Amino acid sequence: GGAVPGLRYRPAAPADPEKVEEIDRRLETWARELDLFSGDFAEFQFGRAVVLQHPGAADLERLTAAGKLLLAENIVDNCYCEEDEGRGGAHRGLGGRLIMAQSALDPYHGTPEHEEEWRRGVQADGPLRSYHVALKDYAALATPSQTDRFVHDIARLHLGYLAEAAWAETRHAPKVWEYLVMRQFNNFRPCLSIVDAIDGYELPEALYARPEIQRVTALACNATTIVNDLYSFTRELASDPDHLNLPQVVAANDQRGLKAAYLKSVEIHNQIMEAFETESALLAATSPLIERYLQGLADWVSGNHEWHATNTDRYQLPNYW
């Protein structure tokens, strides 16, 4: 009825409604105080998203912090990637707006005078304010190693944004593999970047940076990002048929119809999930800490899928079964 038939996912327990509410309440107040906006905020379901995605969260403040980051991420995306610059003023382009967004996370250093102008520039736009203050509140809970991990994953995301915008401008028709390479960057990854911090512990960088740990993190991120493609397929087919998602790209390369492309896209997802779970299991047996991180990753993926599958307002499924 609500989930994609044949899709591989672990059942997620339903989010504590009183937790969801308090989070959405807190996030609303925060957005207001930062002037980030006459509408119901609960409808975007940010509180529901983080409660599902971080079932092991150490406390409300850390859940709230995960929410602020997700909110900021969505604000920047919508205001810089989804909307063009208004006519008749200064014109910086995606590349220019994004580099200022990165600076909001990764602070500028120079002369006292130029730093002050930079600080004011960061205060002058809501999207930049949201990144700046979100990271600030997160950095108060997390280690510099953890914040630096998140900043790198945002850098990835922004490169992913710029790659997608480039292809759309140059009219590039990527093969499936190349689309998925872009989607490894243009990814939910920065939300999974924080699973240990939000749960109240740290996976040290020495472990995180290991190739085999980089691999399973990528596999989780790539799979759950594809989940977005699969649940957004129908709405995007109607609203902007030129937007790339995995089924469109499979269909454009394979030329065997959308239904075949969609079903195949589910199998690709399941294969990626399979490698995530098989390799996670092996890595989990080697270390209780690594184990705990992989469970955090798995739980994020699971909660994210549940959020998609039950958000019937924004996500509809095609009639392919």
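A residue's number is simply how far along the shown sequence it sits, counting from 1.
The deposited sequence places 4 to 9 unmodelled residues between residue 37 and residue 38. As recorded in the PDB entry, 89 to 97 is the stretch of 89 to 97 and 181 to 189 with the greater mean C-alpha temperature factor. 258 to 266 and 24 to 32 differ in mean CA B-factor, and the higher of the two is recorded for 24 to 32. Residues shown: 200, 112, 204, 107. Highest C-alpha temperature factor in the entry: 112. Remark: of 221, 124, 213, 142, 124 shows the highest value [criterion: C-alpha B-factor in the PDB entry].
Placement of the Cα temperature factor of residue 217 within the chain: lowest third of the modelled residues, per the deposited record. In the deposited entry, the Cα temperature factor of residue 129 places it in the lowest third of its chain's modelled residues.
Residue 118: CA B factor lies in the middle third for its chain, per the PDB record. In the deposited entry, the Cα temperature factor of residue 208 sits in the bottom third of values across the chain's modelled residues. Split the chain's modelled residues into thirds by C-alpha temperature factor. Residue 252 is in the middle one.
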